[PDB]
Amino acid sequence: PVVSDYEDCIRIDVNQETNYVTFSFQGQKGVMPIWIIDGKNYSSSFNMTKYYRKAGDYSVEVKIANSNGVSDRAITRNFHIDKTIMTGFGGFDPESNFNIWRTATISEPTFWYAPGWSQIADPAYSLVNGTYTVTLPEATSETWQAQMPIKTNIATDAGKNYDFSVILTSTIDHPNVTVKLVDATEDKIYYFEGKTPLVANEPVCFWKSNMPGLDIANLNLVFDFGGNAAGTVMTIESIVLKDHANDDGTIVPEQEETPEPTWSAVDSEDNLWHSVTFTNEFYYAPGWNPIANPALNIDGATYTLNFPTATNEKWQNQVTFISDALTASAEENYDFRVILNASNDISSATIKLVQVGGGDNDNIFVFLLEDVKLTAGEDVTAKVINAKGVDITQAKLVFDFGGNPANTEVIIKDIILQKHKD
């Protein structure tokens, strides 16, 4: 069987939208094809499809067989995949009506491009159907030397929870691209400041799920490409911000439960909470009517509170431990543990480590632990493992016991706060 005969019988078909290559053959009685792709014999079909995820030049070696057997010579046919398609999580649905970004007034991006911390002309950018292309001719060394702030009119509320994703691509390997969703008026108040490396032409989804709500009148979304190689071309697409309450049908991957760390003892120098000469104010108001400050007994590492009157819902029985010059930083990841004993069943208990002041200050916090089911008599543990830190000047520890029965005794025992142990 002379392979050269059946040359215009063989037909390649590349779908550039899906990155599937269709190998087909116009039937010539008993003459059928053999597909050897990248030195792998995939038998004989009239219509066969293979996924070519990555971009590049690819070659199939095709032979001809019949009753006699397989031919000696093979035909090499070459094809190109224009654009690499993403691997891993694809992020939230950018076309969903739950995407607050589609409703919002979005500013043109601004820039602060400064190799050696010496500012040069803004990089050329393109906005094509919501997609940013940004070209960086000059290399930068540090984070914050290639800033792209995007100002929005997006407001959010405390007591709601939020999801975020964006898809980032770089034409050149990038050590760390920064993404920061921040209060336009206060750089200290932000949902996250995270970083992701990028491999050349490999789209990555940077994403968060169930972020505790902050009272913010105007969000900025700030990108930094600091540390870029010269000639780097950044692509930014599929920006999503939605309420966690609303489900767009996204299969959010399960973050494998954070392993427990080395718990330093209550007395040690790793206690941070030990040596805090603290203070107490209370918001104890059943039906939102404030009565007298309840009974508190400090016995070392054990604090005992007696609630004679009942409450119905969140933020009605608040106990504030005001630290005199306790601090935290965003450069650290913290651990936190406390043993809570309630004499009666208490549904929804809340702990929050937060800046001392009122107003904006209670949007600056290390953790907000909610929905802690404190069972009657059981000495339950309220734990926060490897929480990202935040810059606090004068920290305070806020407890809430909303929905408590009458004559409920709460014992706060062995509060511990440390750096990450593991």
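Each residue number is its position in the shown sequence, starting from 1.
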Quiz item: Looking at the entry, does 333-341 or 110-118 show the higher mean C-alpha B-factor?
Solution: 333-341
Self-check item: Mean Cα B-factor comparison, 342-350 or 138-146, giving the higher one as deposited
Solution: 342-350
Quiz item: From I167, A285, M234, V177, which pick has the Cα B-factor that tops the rest in the entry?
Solution: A285
Exercise. Compare the CA B factors listed in the entry for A55, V390, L369, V31 and report the winner.
Key: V31
Practice problem: Can you work out whether the C-alpha temperature factor of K314 puts it in the lowest, middle or highest third of the chain? | Solution: middle
Quiz prompt | CA B-factor ranking of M86, expressed as a third of its chain | solution = middle
Exercise. Relative to the other modelled residues of the same chain, rank the CA B-factor of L272 and answer lowest, middle or highest third.
Key: highest
Self-check item: Third of the chain's Cα B-factor distribution that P212 belongs to, per the entry
Solution: lowest
Quiz item: If you rank every modelled residue in this chain by C-alpha B factor, which third holds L127: lowest, middle or highest?
Solution: lowest
